[PDB]
Amino acid sequence: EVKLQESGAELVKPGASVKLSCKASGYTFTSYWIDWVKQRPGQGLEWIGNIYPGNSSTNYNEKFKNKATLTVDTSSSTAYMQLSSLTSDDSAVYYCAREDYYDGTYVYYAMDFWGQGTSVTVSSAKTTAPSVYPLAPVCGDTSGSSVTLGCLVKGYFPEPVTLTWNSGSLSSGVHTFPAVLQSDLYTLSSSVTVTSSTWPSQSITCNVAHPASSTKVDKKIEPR
Amino acid sequence: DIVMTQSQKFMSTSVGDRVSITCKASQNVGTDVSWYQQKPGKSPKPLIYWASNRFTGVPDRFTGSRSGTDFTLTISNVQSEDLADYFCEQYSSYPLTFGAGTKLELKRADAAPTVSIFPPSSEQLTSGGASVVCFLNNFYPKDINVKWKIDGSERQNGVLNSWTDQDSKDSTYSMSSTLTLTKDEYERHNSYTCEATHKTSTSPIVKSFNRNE
Amino acid sequence: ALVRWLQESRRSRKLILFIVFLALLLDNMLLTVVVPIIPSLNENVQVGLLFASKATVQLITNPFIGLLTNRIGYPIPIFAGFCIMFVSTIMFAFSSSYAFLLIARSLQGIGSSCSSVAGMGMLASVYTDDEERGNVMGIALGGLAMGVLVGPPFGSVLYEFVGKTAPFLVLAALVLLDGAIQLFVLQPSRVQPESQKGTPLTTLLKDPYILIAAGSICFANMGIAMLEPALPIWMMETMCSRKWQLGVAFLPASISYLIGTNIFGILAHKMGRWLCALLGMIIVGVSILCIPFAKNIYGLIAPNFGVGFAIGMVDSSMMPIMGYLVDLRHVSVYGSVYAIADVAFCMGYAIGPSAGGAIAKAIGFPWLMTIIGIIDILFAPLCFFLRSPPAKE
């Protein structure tokens with residue numbers, strides 16, 4: 001039961017430092033190397049560094065020599081990586097992995113166990129609440145085959161937002177698109193495809209909830 | 001620094017076929033190469049170590065080969081569980097360098113996108129903002145292009161595009177394009193058009209609306 | 001520095017290769033040091049027994065180590081080989097009577113069998129690429145050549161400058177350093193049975209394509225095993241050469257072997273291993289045929305170089321193919337397929353010093369050389385059958 005537990009996400013202001021943790025359990029902490037790796041969205045993995053929890057002997061990538069500092073805490077069996085003077089480039093997902101030896105020997109063959117990533121985001125938006133607007137079909141233009149509806153969510157900083165249609169009643173033909181950062185605030189939209197006679201007969205409401213800033217807004221789409 | 005080049009970022013296959021992913025070294029990395037697989041929503045796990053040896057618990061489908069400085073990972077019988085990301089690592093000399101990702105995706109018959117246009121809501125206009133939305137709903141070929149025309153102005157600023165991954169049930173893609181304008185700029189112009197150009201049809205699909213309606 | 005370099009690094013299989021090379025080097029150095037010192041049921045059975053003891057015991061021990069390697073793993077036999085070699089060296093360094101001088105040689109044989117079989121098996125197991133396996137076994141086989149090249153000079157420099165037991169009291173420190181390196185690399189305290197059971201020894205010994213590979217090595221090494229002791233006797237009998245010329249006459253046959261073992265390990269994959277072995281057998285046969293036509297040492301210079309070169313070619317070609325064949329047609333377990341190769345290696349060194357001397361007494365040195373060369377030449381076409389062995393799996 002080798003386990004490397006990593007924090008889910010981290011938020012850091014620009015020009016500041018963060019310290020990411022990796023708690024190791026299920027094995028002898030001081031006998032295996034720990035690797036720190038970085039993945040930017042839509043980009044390849046970059047190897048940040050190596051540490052040995054026994055003697056605290058580190059190996060650094062020359063690209064990350066002045067950015068990342070690796071330390072360990074054997075009493076609590078934790079590995080820390082400190083990133084200093086963060087900028088918008090540093091927004092990535094950081095992975096913590098463990099090196100394994102071949103059987104009977106000490107030679108390295110693979111990194112068997114990887115911890116889940118830590119999504120570090122660098123922004124200064126200060127927890128803005130979302131604004132939700134309903135999108136209705138253009139006036140006229142009666143489409144006999146089907147109609148498409150949608151609700152637009154604009155201007156919320158904390159990434160996790162949940163959008164459901166009719167309190168989860170509608171789940172067929174519903175597309176929800178990933179959030180995109182524009183001006184330090186996120187934007188998200190979703191669409192629902194229903195039959196021509198379904199929408200006018202039955203009201204459809206876009207349900208959206210923001211956990212970080214407690215809000216619950218329900219909007220009912222109406223014909224223009 | 002040895003650069004492990006992975007040529008293809010996306011590979012399309014079908015269940016039952018055989019697929020091969022190639023990774024080319026730069027300075028004669030001799031069998032010091034490993035292959036890792038990351039499933040959607042999970043963390044990477046090793047498949048092949050020392051460029052040919054199968055990790056314990058890995059099915060017999062995955063094989064590893066080397067011919068000089070070219071390393072190949074072969075999946076003989078692609079299944080639904082084999083759609084994930086695969087990358088190559090070399091530890092011949094520090095710094096350790098990973099190859100870029102390669103995603104396996106399903107294949108199906110081509111489809112034309114459903115294009116829907118949406119003018120800004122009254123609530124947004126009361127707040128002084130305007131947003132015109134264009135949904136391209138269901139199409140198999142991943143690549144697609146969108147042009148926003150405000151009476152032929154061909155505006156390329158303020159456009160936000162979101163792309164969805166492949167659908168689980170339908171193996172089809174989607175995308176949304178939002179054009180954001182101030183209220184004063186929105187009232188000045190009359191007609192707004194969204195043009196979706198796809199591989200299936202040379203003529204783009206146009207969806208336009210007029211403010212006077 | 002060296003502390004920081006080893007402390008902070010991903011340990012590679014090159015450390016395993018270095019361990020195997022060092023073990024082979026030290027074993028062969030211990031073998032060759034004692035021969036100048038051994039002369040010091042009366043000098044007829046005793047000397048022959050002393051010379052043949054280590055090779056005989058190694059040949060007997062090899063199959064048991066081959067099976068035990070599958071049963072428990074490689075590192076435990078490797079460490080046992082180191083320990084037994086150290087004990088044998090310490091026993092040599094102080095024992096004076098004949099019985100202990102024979103017990104020490106038998107123990108050295110057991111330790112050498114453990115080290116050789118386990119090291120070759122582990123090298124095959126961790127290097128499963130054909131090209132890389134060939135390269136690493138070519139590098140590792142050079143340990144024997146360097147050991148037999150540096151043995152006698154190392155023994156002779158210290159047998160007079162310091163004392164009688166100085167060579168052994170110096171080799172003991174080298175063995176201890178090798179053991180320390182092994183402790184740094186391996187884990188000799190855990191039994192790791194192999195995942196899959198290998199094929200029985202009898203099944204491997206009924207393979208036509210493995211018997212040819214083993215016979216190539218056996219008949220190639222037997223020639224030099226018979227030639228090494230029989231050359232000085234004929235040299236003294238015919239050319240009345242001095243005592244100093246006898247040692248240098250065989251120098252080319254060792255230098256060229258050391259060169260060829262290293263180069264052909266990587267040069268025998270570009271061209272066929274079958275072709276490399278065929279040409280090596282033909283060349284060693286021709287050189288051994290031409291040896292008894294030398295009227296002085298200058299005549300002996302070139303055939304010895306040919307013999308060493310050709311034996312290097314055949315060894316470097318037939319070591320990886322043993323293991324390639326077991327991958328191709330059998331279960332990928334190399335424990336007991338290199339016990340056969342080591343038995344083929346040791347048969348020559350166990351048989352030569354006695355049978356060659358008896359034959360030279362009976363018919364003469366030229367006829368013995370002609371017989372050996374004719375056998376090596378006639379066995380050469382049998383290596384064509386390894387050009388494309390059927391997979392048949």
# chains A, B, ... in the order shown; residues from 1 in each chain; ligands from 1

$ residues_around --residues "residue A:90" --least-positions-apart "2" --cutoff "8 Å" --atoms "only C-alpha atoms" --output "JSON list (two decimals) with C-alpha atoms, in the first residue's frame"
[["chain", "number", "residue", "atom", "x", "y", "z"],
["A", 86, "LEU", "CA", 6.34, 32.66, -8.76],
["A", 87, "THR", "CA", 4.99, 34.13, -12.00],
["A", 88, "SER", "CA", 2.23, 33.24, -14.46],
["A", 92, "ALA", "CA", 1.23, 23.96, -13.85],
["A", 120, "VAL", "CA", -0.80, 25.65, -8.74],
["A", 121, "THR", "CA", -2.42, 28.80, -10.14],
["A", 122, "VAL", "CA", -0.87, 32.28, -10.00]]

$ residues_around --residues "stretch 51-66 of chain A" --least-positions-apart "2" --cutoff "12 Å" --atoms "only C-alpha atoms" --output "PyMOL selection string"
(chain A and resi 24+28-38+46-49+68-86+90+96-99) or (chain B and resi 1+93-97) or (chain C and resi 3-10)

$ write_last_selection --atoms "N, CA and C atoms" --output "short mmCIF file (atom, residue, chain, number, x, y, z; two decimals), in the first residue's frame"
data_model
loop_
_atom_site.label_atom_id
_atom_site.label_comp_id
_atom_site.auth_asym_id
_atom_site.auth_seq_id
_atom_site.Cartn_x
_atom_site.Cartn_y
_atom_site.Cartn_z
N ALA A 24 4.37 10.54 2.34
CA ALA A 24 4.65 9.17 1.92
C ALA A 24 4.31 8.20 3.04
N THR A 28 9.22 2.27 3.91
CA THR A 28 10.28 2.99 4.61
C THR A 28 10.64 4.24 3.82
N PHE A 29 10.38 5.40 4.41
CA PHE A 29 10.52 6.66 3.69
C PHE A 29 11.96 6.91 3.27
N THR A 30 12.92 6.60 4.14
CA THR A 30 14.30 7.04 3.96
C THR A 30 15.10 6.17 3.00
N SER A 31 14.49 5.18 2.35
CA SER A 31 15.24 4.24 1.53
C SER A 31 15.05 4.43 0.03
N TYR A 32 14.17 5.33 -0.40
CA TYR A 32 13.87 5.51 -1.82
C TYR A 32 13.96 6.97 -2.20
N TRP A 33 14.45 7.24 -3.41
CA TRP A 33 14.51 8.60 -3.91
C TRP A 33 13.11 9.11 -4.23
N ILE A 34 12.95 10.43 -4.18
CA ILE A 34 11.70 11.11 -4.50
C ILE A 34 11.97 12.08 -5.64
N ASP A 35 11.16 12.00 -6.69
CA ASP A 35 11.29 12.85 -7.86
C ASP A 35 10.16 13.87 -7.90
N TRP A 36 10.50 15.10 -8.26
CA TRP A 36 9.53 16.15 -8.49
C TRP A 36 9.55 16.52 -9.96
N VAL A 37 8.36 16.52 -10.58
CA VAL A 37 8.19 16.71 -12.01
C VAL A 37 7.10 17.76 -12.22
N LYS A 38 7.16 18.47 -13.35
CA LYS A 38 6.21 19.54 -13.65
C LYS A 38 5.59 19.32 -15.02
N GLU A 46 8.31 18.15 -17.43
CA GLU A 46 9.64 18.66 -17.14
C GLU A 46 10.08 18.14 -15.78
N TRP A 47 11.28 17.58 -15.73
CA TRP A 47 11.81 16.99 -14.50
C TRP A 47 12.41 18.09 -13.63
N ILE A 48 11.81 18.32 -12.47
CA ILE A 48 12.27 19.38 -11.58
C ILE A 48 13.48 18.94 -10.77
N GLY A 49 13.41 17.79 -10.10
CA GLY A 49 14.55 17.40 -9.29
C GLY A 49 14.35 16.09 -8.57
N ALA A 68 13.32 25.95 -7.61
CA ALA A 68 12.81 24.90 -6.74
C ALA A 68 13.86 24.47 -5.74
N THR A 69 13.46 24.34 -4.48
CA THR A 69 14.30 23.83 -3.41
C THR A 69 13.60 22.64 -2.76
N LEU A 70 14.26 21.49 -2.76
CA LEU A 70 13.67 20.26 -2.24
C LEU A 70 14.20 19.98 -0.84
N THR A 71 13.28 19.71 0.09
CA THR A 71 13.64 19.36 1.46
C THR A 71 12.76 18.19 1.91
N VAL A 72 13.14 17.58 3.03
CA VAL A 72 12.42 16.42 3.55
C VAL A 72 12.23 16.58 5.05
N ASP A 73 11.27 15.81 5.58
CA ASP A 73 10.98 15.76 7.01
C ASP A 73 10.72 14.30 7.34
N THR A 74 11.76 13.61 7.84
CA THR A 74 11.66 12.18 8.07
C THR A 74 10.80 11.86 9.29
N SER A 75 10.71 12.78 10.25
CA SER A 75 9.87 12.54 11.42
C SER A 75 8.41 12.39 11.04
N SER A 76 7.92 13.25 10.15
CA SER A 76 6.56 13.16 9.63
C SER A 76 6.49 12.45 8.28
N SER A 77 7.63 12.05 7.73
CA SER A 77 7.71 11.35 6.45
C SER A 77 7.02 12.15 5.35
N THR A 78 7.54 13.36 5.11
CA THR A 78 6.99 14.26 4.11
C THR A 78 8.12 14.82 3.26
N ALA A 79 7.81 15.13 2.01
CA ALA A 79 8.75 15.77 1.10
C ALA A 79 8.17 17.10 0.64
N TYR A 80 8.95 18.17 0.79
CA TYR A 80 8.51 19.51 0.42
C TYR A 80 9.31 20.00 -0.77
N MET A 81 8.64 20.71 -1.67
CA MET A 81 9.30 21.46 -2.73
C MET A 81 8.85 22.91 -2.64
N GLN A 82 9.80 23.82 -2.49
CA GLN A 82 9.51 25.24 -2.36
C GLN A 82 9.84 25.93 -3.67
N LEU A 83 8.86 26.64 -4.23
CA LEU A 83 9.04 27.44 -5.43
C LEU A 83 8.94 28.91 -5.06
N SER A 84 9.95 29.68 -5.43
CA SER A 84 10.07 31.06 -4.98
C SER A 84 9.95 32.02 -6.16
N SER A 85 9.42 33.20 -5.87
CA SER A 85 9.20 34.25 -6.87
C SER A 85 8.40 33.72 -8.05
N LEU A 86 7.19 33.27 -7.75
CA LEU A 86 6.34 32.66 -8.76
C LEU A 86 5.78 33.71 -9.71
N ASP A 90 4.63 29.73 -13.95
CA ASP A 90 4.72 28.61 -13.01
C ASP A 90 3.40 27.89 -12.81
N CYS A 96 4.75 14.15 -7.75
CA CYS A 96 5.72 13.60 -6.81
C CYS A 96 5.74 12.08 -7.00
N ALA A 97 6.90 11.54 -7.35
CA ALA A 97 7.02 10.13 -7.69
C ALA A 97 8.12 9.48 -6.86
N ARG A 98 8.10 8.15 -6.80
CA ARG A 98 9.06 7.38 -6.03
C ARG A 98 9.82 6.44 -6.95
N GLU A 99 11.14 6.39 -6.80
CA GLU A 99 11.98 5.51 -7.59
C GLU A 99 12.04 4.12 -6.96
N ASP B 1 21.61 18.16 -23.41
CA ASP B 1 20.34 17.58 -23.00
C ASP B 1 19.71 16.79 -24.14
N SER B 93 21.42 10.37 -18.84
CA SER B 93 22.23 11.42 -18.24
C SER B 93 21.32 12.54 -17.79
N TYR B 94 21.64 13.13 -16.64
CA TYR B 94 20.88 14.27 -16.16
C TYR B 94 21.12 15.48 -17.06
N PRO B 95 20.10 16.32 -17.27
CA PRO B 95 18.74 16.27 -16.72
C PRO B 95 17.89 15.17 -17.34
N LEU B 96 16.96 14.62 -16.58
CA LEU B 96 16.02 13.65 -17.13
C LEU B 96 15.02 14.37 -18.03
N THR B 97 14.82 13.84 -19.23
CA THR B 97 13.94 14.45 -20.21
C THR B 97 12.83 13.47 -20.58
N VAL C 3 33.07 10.29 -3.73
CA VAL C 3 32.01 10.03 -2.75
C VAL C 3 30.70 10.67 -3.21
N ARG C 4 30.76 11.93 -3.64
CA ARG C 4 29.55 12.63 -4.06
C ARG C 4 29.01 12.06 -5.36
N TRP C 5 29.89 11.66 -6.28
CA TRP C 5 29.43 11.13 -7.56
C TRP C 5 28.62 9.86 -7.38
N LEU C 6 29.10 8.94 -6.53
CA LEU C 6 28.38 7.70 -6.29
C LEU C 6 27.19 7.90 -5.35
N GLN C 7 27.30 8.84 -4.41
CA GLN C 7 26.21 9.06 -3.46
C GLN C 7 24.97 9.61 -4.15
N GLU C 8 25.14 10.52 -5.09
CA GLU C 8 24.02 11.18 -5.78
C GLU C 8 24.04 10.78 -7.25
N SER C 9 23.40 9.66 -7.56
CA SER C 9 23.29 9.19 -8.94
C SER C 9 22.33 8.01 -8.98
N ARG C 10 21.66 7.86 -10.13
CA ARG C 10 20.86 6.67 -10.39
C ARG C 10 21.79 5.52 -10.75
#

$ select_by_dssp --residues "chain B" --states "strand (DSSP E or B)" --output "PDB file with C-alpha atoms, in the first residue's frame"
ATOM      1  CA  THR B   5      10.950  13.581 -29.862  1.00  0.00           C
ATOM      2  CA  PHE B  10      -2.883  12.657 -31.244  1.00  0.00           C
ATOM      3  CA  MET B  11      -3.485   9.181 -32.662  1.00  0.00           C
ATOM      4  CA  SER B  12      -6.881   7.898 -33.801  1.00  0.00           C
ATOM      5  CA  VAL B  19      -1.138   0.804 -32.939  1.00  0.00           C
ATOM      6  CA  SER B  20       2.485   1.899 -32.565  1.00  0.00           C
ATOM      7  CA  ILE B  21       3.862   5.007 -30.840  1.00  0.00           C
ATOM      8  CA  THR B  22       7.394   6.129 -31.682  1.00  0.00           C
ATOM      9  CA  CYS B  23       9.900   8.110 -29.616  1.00  0.00           C
ATOM     10  CA  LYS B  24      13.254   9.113 -31.105  1.00  0.00           C
ATOM     11  CA  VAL B  33      14.189   4.374 -21.822  1.00  0.00           C
ATOM     12  CA  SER B  34      10.893   3.765 -20.028  1.00  0.00           C
ATOM     13  CA  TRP B  35       7.278   4.122 -21.148  1.00  0.00           C
ATOM     14  CA  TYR B  36       4.526   5.528 -18.933  1.00  0.00           C
ATOM     15  CA  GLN B  37       0.754   5.612 -19.376  1.00  0.00           C
ATOM     16  CA  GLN B  38      -1.578   8.173 -17.787  1.00  0.00           C
ATOM     17  CA  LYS B  45       1.982   4.274 -14.246  1.00  0.00           C
ATOM     18  CA  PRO B  46       4.926   2.474 -15.873  1.00  0.00           C
ATOM     19  CA  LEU B  47       4.430  -0.002 -18.709  1.00  0.00           C
ATOM     20  CA  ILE B  48       7.857  -0.813 -20.193  1.00  0.00           C
ATOM     21  CA  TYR B  49      11.191  -0.497 -18.400  1.00  0.00           C
ATOM     22  CA  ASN B  53      10.827  -5.262 -20.553  1.00  0.00           C
ATOM     23  CA  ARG B  54       7.177  -5.359 -19.524  1.00  0.00           C
ATOM     24  CA  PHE B  62       2.003  -3.882 -24.836  1.00  0.00           C
ATOM     25  CA  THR B  63       5.426  -4.547 -26.358  1.00  0.00           C
ATOM     26  CA  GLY B  64       8.546  -2.389 -26.484  1.00  0.00           C
ATOM     27  CA  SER B  65      11.154  -2.314 -29.236  1.00  0.00           C
ATOM     28  CA  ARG B  66      14.340  -0.414 -30.051  1.00  0.00           C
ATOM     29  CA  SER B  67      16.152   0.020 -33.382  1.00  0.00           C
ATOM     30  CA  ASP B  70      14.079   4.809 -32.198  1.00  0.00           C
ATOM     31  CA  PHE B  71      11.865   3.298 -29.495  1.00  0.00           C
ATOM     32  CA  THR B  72       8.448   1.866 -30.344  1.00  0.00           C
ATOM     33  CA  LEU B  73       5.550   0.966 -28.055  1.00  0.00           C
ATOM     34  CA  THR B  74       3.107  -1.412 -29.740  1.00  0.00           C
ATOM     35  CA  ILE B  75      -0.436  -2.221 -28.618  1.00  0.00           C
ATOM     36  CA  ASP B  85      -1.709   9.284 -22.734  1.00  0.00           C
ATOM     37  CA  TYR B  86       1.673   7.641 -23.311  1.00  0.00           C
ATOM     38  CA  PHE B  87       5.120   9.178 -22.932  1.00  0.00           C
ATOM     39  CA  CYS B  88       8.775   8.138 -22.979  1.00  0.00           C
ATOM     40  CA  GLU B  89      11.518   8.925 -20.465  1.00  0.00           C
ATOM     41  CA  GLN B  90      15.296   8.624 -20.629  1.00  0.00           C
ATOM     42  CA  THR B  97      13.935  14.447 -20.213  1.00  0.00           C
ATOM     43  CA  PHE B  98      10.438  13.180 -20.993  1.00  0.00           C
ATOM     44  CA  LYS B 103      -3.240  10.598 -26.867  1.00  0.00           C
ATOM     45  CA  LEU B 104      -5.184   7.635 -28.247  1.00  0.00           C
ATOM     46  CA  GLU B 105      -8.691   8.483 -29.437  1.00  0.00           C
ATOM     47  CA  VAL B 115     -23.953  25.654 -35.500  1.00  0.00           C
ATOM     48  CA  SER B 116     -26.142  27.710 -33.165  1.00  0.00           C
ATOM     49  CA  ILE B 117     -25.936  31.468 -32.594  1.00  0.00           C
ATOM     50  CA  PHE B 118     -27.032  33.356 -29.485  1.00  0.00           C
ATOM     51  CA  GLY B 129     -21.909  44.150 -21.384  1.00  0.00           C
ATOM     52  CA  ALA B 130     -22.660  42.188 -24.542  1.00  0.00           C
ATOM     53  CA  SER B 131     -21.679  38.625 -25.439  1.00  0.00           C
ATOM     54  CA  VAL B 132     -22.533  36.728 -28.628  1.00  0.00           C
ATOM     55  CA  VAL B 133     -22.178  32.948 -28.343  1.00  0.00           C
ATOM     56  CA  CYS B 134     -21.632  30.365 -31.088  1.00  0.00           C
ATOM     57  CA  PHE B 135     -21.960  26.652 -30.314  1.00  0.00           C
ATOM     58  CA  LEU B 136     -20.486  24.041 -32.671  1.00  0.00           C
ATOM     59  CA  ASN B 137     -22.122  20.989 -31.199  1.00  0.00           C
ATOM     60  CA  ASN B 138     -21.296  17.602 -32.753  1.00  0.00           C
ATOM     61  CA  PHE B 139     -18.559  16.802 -35.280  1.00  0.00           C
ATOM     62  CA  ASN B 145     -12.128  26.923 -37.601  1.00  0.00           C
ATOM     63  CA  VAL B 146     -14.423  29.814 -36.657  1.00  0.00           C
ATOM     64  CA  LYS B 147     -14.567  33.349 -38.062  1.00  0.00           C
ATOM     65  CA  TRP B 148     -16.574  36.159 -36.459  1.00  0.00           C
ATOM     66  CA  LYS B 149     -17.860  38.785 -38.901  1.00  0.00           C
ATOM     67  CA  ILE B 150     -19.481  42.012 -37.706  1.00  0.00           C
ATOM     68  CA  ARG B 155     -12.930  40.714 -35.710  1.00  0.00           C
ATOM     69  CA  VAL B 159     -12.867  35.946 -28.866  1.00  0.00           C
ATOM     70  CA  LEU B 160     -12.784  33.193 -26.230  1.00  0.00           C
ATOM     71  CA  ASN B 161     -12.830  29.570 -27.406  1.00  0.00           C
ATOM     72  CA  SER B 162     -13.495  26.466 -25.304  1.00  0.00           C
ATOM     73  CA  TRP B 163     -12.965  22.936 -26.622  1.00  0.00           C
ATOM     74  CA  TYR B 173     -16.335  16.775 -30.278  1.00  0.00           C
ATOM     75  CA  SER B 174     -17.792  20.183 -29.460  1.00  0.00           C
ATOM     76  CA  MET B 175     -16.616  23.755 -29.106  1.00  0.00           C
ATOM     77  CA  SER B 176     -17.922  27.152 -27.997  1.00  0.00           C
ATOM     78  CA  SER B 177     -16.850  30.605 -29.186  1.00  0.00           C
ATOM     79  CA  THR B 178     -17.772  33.801 -27.334  1.00  0.00           C
ATOM     80  CA  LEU B 179     -17.375  37.339 -28.680  1.00  0.00           C
ATOM     81  CA  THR B 180     -17.427  39.954 -25.913  1.00  0.00           C
ATOM     82  CA  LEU B 181     -18.205  43.594 -26.694  1.00  0.00           C
ATOM     83  CA  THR B 182     -19.076  46.704 -24.745  1.00  0.00           C
ATOM     84  CA  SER B 191     -25.450  42.166 -38.084  1.00  0.00           C
ATOM     85  CA  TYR B 192     -23.264  39.493 -36.477  1.00  0.00           C
ATOM     86  CA  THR B 193     -22.237  36.255 -38.203  1.00  0.00           C
ATOM     87  CA  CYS B 194     -20.405  33.137 -37.013  1.00  0.00           C
ATOM     88  CA  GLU B 195     -18.778  31.021 -39.733  1.00  0.00           C
ATOM     89  CA  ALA B 196     -17.659  27.462 -38.990  1.00  0.00           C
ATOM     90  CA  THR B 197     -15.230  25.969 -41.509  1.00  0.00           C
ATOM     91  CA  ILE B 205     -21.591  26.952 -42.279  1.00  0.00           C
ATOM     92  CA  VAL B 206     -22.809  30.500 -41.613  1.00  0.00           C
ATOM     93  CA  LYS B 207     -25.154  31.551 -38.811  1.00  0.00           C
ATOM     94  CA  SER B 208     -26.056  35.235 -38.701  1.00  0.00           C
ATOM     95  CA  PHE B 209     -28.444  37.470 -36.807  1.00  0.00           C
ATOM     96  CA  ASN B 210     -29.540  41.104 -36.871  1.00  0.00           C
TER      97      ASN B 210
END

$ atom_distance --atom1 "atom CA of residue C:71" --atom2 "atom CA of residue C:193"
5.3 Å

$ interface_residues --of "chain C" --to "chain B" --cutoff "10 Å" --atoms "only C-alpha atoms" --output "list in words"
residues 9, 10, 12, 13, 126, 127, 128, 129, 131 and 132 of chain C

$ residues_around --residues "stretch 144-148 of chain A" --least-positions-apart "5" --cutoff "10 Å" --atoms "only C-alpha atoms" --output "ChimeraX atom specification"
/A:135-137,173-174,191-199 /B:114-118,135,137

$ residues_around --residues "residue C:23" --least-positions-apart "3" --cutoff "10 Å" --atoms "only C-alpha atoms" --output "list in words"
residues 17, 18, 19, 20, 26, 27, 28, 29, 78, 81, 82, 85, 112, 115, 116, 119, 140, 143, 144, 175, 178, 179 and 182 of chain C

$ interface_residues --of "chain A" --to "chain C" --cutoff "7 Å" --atoms "only C-alpha atoms" --output "compact mmCIF listing (two decimals) with N, CA, C and O atoms, in the first residue's frame"
# COMPACT_ATOMS: atom_id res chain seq x y z
N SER A 57 20.37 14.36 -0.07
CA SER A 57 21.24 14.66 -1.20
C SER A 57 20.37 14.90 -2.42
O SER A 57 19.65 14.00 -2.87
N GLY A 104 16.36 -7.60 -5.73
CA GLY A 104 17.65 -8.04 -5.26
C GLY A 104 18.78 -7.04 -5.41
O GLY A 104 19.84 -7.25 -4.81
N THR A 105 18.60 -5.97 -6.18
CA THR A 105 19.67 -5.01 -6.45
C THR A 105 19.24 -3.61 -6.01
O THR A 105 18.18 -3.42 -5.41
N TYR A 106 20.09 -2.63 -6.31
CA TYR A 106 19.81 -1.23 -6.03
C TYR A 106 19.73 -0.39 -7.29
O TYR A 106 19.66 0.84 -7.20
N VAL A 107 19.74 -1.01 -8.47
CA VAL A 107 19.69 -0.26 -9.72
C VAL A 107 18.25 0.18 -9.99
O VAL A 107 17.30 -0.54 -9.66
N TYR A 108 18.10 1.36 -10.56
CA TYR A 108 16.79 1.94 -10.82
C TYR A 108 16.25 1.46 -12.16
O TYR A 108 16.99 1.38 -13.14

$ select_by_dssp --residues "stretch 115-169 of chain B" --states "alpha helix (DSSP H)" --output "number ranges by chain"
B: 122-126

$ closest_residue --among "A:215, A:7, A:190, A:205" --to "chain B" --atoms "only C-alpha atoms"
A:190

$ atom_distance --atom1 "atom CA of residue A:211" --atom2 "atom CA of residue B:158"
28.1 Å

$ residues_around --residues "residue C:54" --least-positions-apart "2" --cutoff "10 Å" --atoms "only C-alpha atoms" --output "list in words"
residues 31, 49, 50, 51, 52, 56, 57, 58, 59, 60, 102, 103, 104, 105, 106, 107, 108, 109, 110, 111, 112, 113, 346, 349 and 350 of chain C

$ residues_around --residues "residue A:164" --least-positions-apart "2" --cutoff "6 Å" --atoms "only C-alpha atoms" --output "tab-separated table (two decimals) with N, CA and C atoms, in the first residue's frame"
chain	number	residue	atom	x	y	z
A	167	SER	N	-31.75	20.69	-12.07
A	167	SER	CA	-31.31	20.00	-10.86
A	167	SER	C	-30.91	18.56	-11.15
A	168	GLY	N	-30.22	18.35	-12.27
A	168	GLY	CA	-29.76	17.04	-12.66
A	168	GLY	C	-30.75	16.21	-13.44
A	207	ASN	N	-28.99	25.54	-13.32
A	207	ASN	CA	-28.62	25.58	-11.92
A	207	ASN	C	-27.10	25.61	-11.81

$ closest_residue --among "B:199, B:169, B:183, B:61" --to "residue B:17" --atoms "only C-alpha atoms"
B:61

$ closest_residue --among "B:69, B:39, B:59, B:112" --to "residue B:26" --atoms "only C-alpha atoms"
B:69
